[PDB]
Amino acid sequence: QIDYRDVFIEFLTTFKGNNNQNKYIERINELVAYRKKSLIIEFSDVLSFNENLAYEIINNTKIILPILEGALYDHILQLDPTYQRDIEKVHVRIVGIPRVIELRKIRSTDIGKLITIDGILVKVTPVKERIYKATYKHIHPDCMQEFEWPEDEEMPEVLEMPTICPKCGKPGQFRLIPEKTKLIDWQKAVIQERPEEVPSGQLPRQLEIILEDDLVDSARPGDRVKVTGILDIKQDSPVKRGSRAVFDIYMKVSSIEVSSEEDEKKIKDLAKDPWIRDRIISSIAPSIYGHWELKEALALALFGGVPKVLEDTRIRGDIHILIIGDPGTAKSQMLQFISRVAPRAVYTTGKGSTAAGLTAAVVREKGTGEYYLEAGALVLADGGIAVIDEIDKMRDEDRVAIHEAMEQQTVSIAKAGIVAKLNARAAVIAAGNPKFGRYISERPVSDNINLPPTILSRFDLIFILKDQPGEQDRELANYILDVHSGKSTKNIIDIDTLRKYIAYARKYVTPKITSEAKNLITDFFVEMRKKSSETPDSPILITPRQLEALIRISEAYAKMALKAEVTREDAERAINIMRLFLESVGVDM
Amino acid sequence: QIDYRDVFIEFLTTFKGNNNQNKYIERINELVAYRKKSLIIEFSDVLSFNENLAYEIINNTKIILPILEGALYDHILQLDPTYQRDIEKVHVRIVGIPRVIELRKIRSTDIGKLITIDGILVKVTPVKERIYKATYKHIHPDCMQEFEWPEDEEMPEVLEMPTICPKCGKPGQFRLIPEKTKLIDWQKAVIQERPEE
DNA sequence: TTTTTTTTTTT
Ligand SMILES: [Mg+2]
Ligand SMILES: [Zn+2]
Ligand SMILES: [Zn+2]
């Protein structure tokens, strides 16, 4: 009854934020400056301003939304006439709806209402074009007339062809005219419920969502997203008569969120502590006793180095870690922790993986007999971390796919007439067991791990974990029993804060190596080479590839402390950890 | 509105090249020598010579492109009558269009406009033939009439058969006549975006 | 092509 365009338009112009900044008028600025055509409004903000407007949006969404959009378009038109003849429609998207429903609990009562669903994006289709207003021509020697068939409304999800010519009243043949047809961008994606919500003994459920207009290509597969929109039943084969009055539901997306100022302030405060590096290492797997050297290396892989593009070649910034340990050394517990704290990580197992599943799988569209690719584990981990457990138990045919990923950071696909090269810039963390149960110290690493030597050289660091009973058993027993009793360590950064810290560092920090750091690295290398030249009788090689590892590790240390330069201390720490690896593989100074 | 046919002809004949050599005339003569039927021009030269002509090419390419080809064809046959009886339609192609769009960034607003794309060829089909003007015969014991169904219009990409015989005004059965059907060479290729982008 | 269990030939 009461028009809400009046209260809405002044709400945009008059609203004060946390720091008294008038965000919405600032947000509306680049909408006309950069021609966004889409606006984002928080539900809490509109609720505090006027609850009557807020509750009308949730309930009567299908009616108030077109009215609100028209008011905003007029506001932009008077503010900048140049928007005309450029963008003819502006979308306003509402986020933060309190009505959040689990994927498994959707029932018929929620159809046609604005709801929010949290899940994981698993599938994305290429962008396509959908007709919303067609133009046909009547093929009848008398007629030769053109008209817009879905008059006075929009073309439904099912393409319907006119049967009677509206301009002559006769049936016959109608020809589509693509020149005068109105199109709109259209994309389809599949969302899956999070593994924490799946009930015992059940399999995860999936829901189909539709992204249109500017919402296309707003997310990548494997991302955790929050999506808001309207549910509706799906019609796909109306001509398929015969039983089956049962339909599936699909979601019509109106707004999507992936995964901000106070957090940035909180991150900066943490970096001010001189011992921030020690705190971060102590926060890696707090439930595991000992393994300080391994924890330090795992922290470095989370941050990584800085990739370098030379005149001809490319230098990867990712760090690869290989862990060999006796059974029961808590190898899998840390890998589970790493996959949970990293902003983007994929956890795989040697036995549960295949070559097609790791890189890309060809799917034949039975409906049209068409071939298209599906992203594999390594591709989904691009820009993140790939964790592989029990690498020694993987099939040899499935292991060769990893060889290209670690070396060239690329995956080559040539099958079913599809040729492409895919980026796989991901850090690889692998764990394995020795050949004969426990580890034999006297024998070299190569004959004690059951892996080809060609893959050993591709790892920046290798660690050996030995479960030798001794005087530390009492401390380990006391620590474990405390964990089972609920006792937790203090001064530990929680997972959520730690994940945000890593994401910020990987995005805004690019350390640069100073001259002093370069001299120390060069001096250590040449003196090591001279020492190694006397007797290079070790299974672990000392090739110049180790020099790149030293560069990467030093950059990671600087990035951990949010430093813009690599100083003497960072280079010294990188040498120490590199020296331990060069001597813990069974070869002495 | 303004007939650019005269402007196009003088532009070709009076184009100041790197040394005012009128290279467009040189390639026109080369085209006549080997019967190439395809003339390529640079958008920068057109814009420098007459920016108004350049805008019309880049904006109304659906309408004015056949007009320019007709003007060029008349000039060629006037220059050399022997070009006739060999090529009935010359081709003019534009290069260096400033409107460059990334492949992933294509949206609905770019449909029906002249754009350029950079990529990698992956698949190429063998050369085939496409019908653009078919000839049909009405199989109705009183008709025995032949006609070209797509009257005053090029045959669309969808092969459609007439429903009413235009010559006799009756429905029925129609048979295609390959011997009186116009054909054009047709090939399909697939372009893939570069891995860098 | 792809994963799977099966009998079969052939990589
Ligand atoms: Mg394990
Ligand atoms: Zn009609
Ligand atoms: Zn007839």
Side-chain angles (χ1 to χ4, degrees), chain A residues 119-128 187-195 198 201-208 220-223 236-237 248 332 335 339 345-382 384 386-406 408-424 426 428 430-432 452 454-455, chain B residues 103 119-126 188-195:
Chain A
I120 311 297
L121 211 69
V122 290
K123 283 148 132 56
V124 168
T125 67
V127 187
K128 288 153 128 296
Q187 195 176 45
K188 161 156 77 102
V190 182
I191 191 173
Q192 191 171 289
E193 60 178 337
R194 305 178 291 113
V198 183
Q202 314 257 28
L203 292 157
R205 297 276 172 79
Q206 291 179 351
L207 184 73
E208 201 217 74
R220 63 184 271 190
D223 278 5
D236 64 82
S237 54
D248 290 17
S332 299
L335 296 197
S339 79
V346 182
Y347 184 87
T348 64
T349 294
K351 266 298 304 189
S353 311
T354 57
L358 281 176
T359 54
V362 161
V363 173
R364 185 183 303 108
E365 211 285 306
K366 190 68 173 174
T368 68
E370 201 86 308
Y371 285 121
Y372 68 101
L373 282 183
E374 193 74 16
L378 284 167
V379 171
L380 290 163
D382 188 64
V387 176
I388 303 169
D389 216 335
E390 297 134 293
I391 188 146
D392 55 336
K393 265 134 192 160
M394 212 171 41
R395 266 147 80 225
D396 275 293
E397 58 251 41
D398 306 335
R399 200 154 52 212
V400 300
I402 305 185
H403 287 185
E404 200 197 338
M406 326 190 43
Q408 281 102 47
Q409 303 229 280
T410 36
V411 156
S412 52
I413 296 295
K415 56 181 155 183
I418 316 178
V419 198
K421 198 86 69 45
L422 314 165
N423 300 125
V428 177
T454 183
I455 208 168
Chain B
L103 194 176
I120 313 296
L121 256 46
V122 284
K123 255 179 280 146
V124 161
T125 68
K188 157 150 62 58
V190 186
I191 180 173
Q192 186 180 278
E193 63 180 329
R194 298 166 292 131

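No hydrogens, no waters, no symmetry mates; every other heavy atom, side chains included, goes into these values. Order of the sequence lines sets the chain letters (A, B, ...), proteins ahead of strands, with each chain counted from 1.
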**Q** First contact, last contact: which nucleotides of DNA chain C are these for chain A, 5' to 3', heavy-atom distance under 4.0 Å?
**A**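 Extent of the interface on DNA chain C: C:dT1 to C:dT3.
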**Q** Quantified in whole Å, what is the P atom distance between nucleotide C:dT2 and nucleotide C:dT6?
**A**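 Those two atoms are separated by 23 Å.
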**Q** Applying side-chain contact (heavy atoms from CB on, under 4.5 Å), can you list everything that pairs with B:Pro195, at least two apart in sequence or on another chain?
**A** none
**Q** Who are the side-chain contact (heavy atoms from CB on, under 4.5 Å) partners of A:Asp392, not counting sequence neighbours?
**A** A:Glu390, A:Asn433
**Q** Taking only residues at least two apart or on different chains, which pairs with a member in residues 353-378 of chain A satisfy salt bridge (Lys or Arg N to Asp or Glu O under 4.0 Å)?
**A** A:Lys123-A:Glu374
**Q** Looking at residues at least two apart in the chain, or sitting in another chain, which of them share a side-chain contact (heavy atoms from CB on, under 4.5 Å) with A:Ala355?
**A** A:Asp398
**Q** Identify all side-chain donor-acceptor contacts of residues 413-423 of chain A below 3.5 Å with residues at least two apart in sequence or on another chain.
**A**
{"unit_1": "A:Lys415", "atom_1": "NZ", "unit_2": "A:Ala360", "atom_2": "O", "d": "2.9"}

**Q** Using the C1'-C2'-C3'-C4' dihedral sign as the criterion, classify the sugar of C:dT6 as north or south.
**A** north
